[PDB]
Amino acid sequence: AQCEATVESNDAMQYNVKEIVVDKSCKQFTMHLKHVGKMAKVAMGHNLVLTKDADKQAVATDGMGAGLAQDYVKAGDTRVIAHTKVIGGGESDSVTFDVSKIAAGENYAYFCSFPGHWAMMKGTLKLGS
Ligand SMILES: [Cu+]
């Protein structure tokens, strides 16, 4: 596997990749998000938020309450391993995190915390083996 991944998000509330594998050789990992659509953030912004799979809904719910100016992620949320900014069509963002935060054998989710999107925009991240 690799030490970065790129995920595209679009105007139909989809990510183009459903699984990311972090190579065991990596100390850090970078997630690149592209918004390949034409909708504005007000309507159809997207981010990428990485959590333990069990924490997805709780983080998304707290994120809605945080608002767009907080990238729809609660400030200081200890359940968030990493997140990007919310972007609109024609934009991109990236975030890097320490792979020591990812444990072998655990299930992680990456998802969009823009209101309503997590039900459609979610994949799995795991540490390779
Ligand atoms: Cu989204």
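Values below: every heavy atom of this structure, side chains too, minus hydrogens, waters and symmetry copies. First listed ligand is number 1; within each ligand, the first listed atom is number 1. We number each residue from 1, following the sequence as shown.
Using a cut-off of 4.0 Å between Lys/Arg side-chain N and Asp/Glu carboxylate O, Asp62 and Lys74 are scored as salt-bridged.
Ring pair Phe97/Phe29 is tilted by interplanar angle, where 30° to 60° counts as tilted.
Within 6.0 Å of NZ on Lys85 lie no more than 12 heavy atoms contributed by other residues, nucleotides or ligands.
For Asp71 against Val86, the heavy-atom pair with the smallest separation is OD1-N, 3.0 Å.
When each of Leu50, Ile81, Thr84 is tested with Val95 by the rule side-chain contact (heavy atoms from CB on, under 4.5 Å), just one qualifies, namely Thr84.
With a 4.5 Å cut-off on side-chain heavy atoms, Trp118 and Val59 do not count as touching.
Each protein N, O or S atom less than 2.8 Å from the Cu ion (ligand 1) was counted, giving 3.
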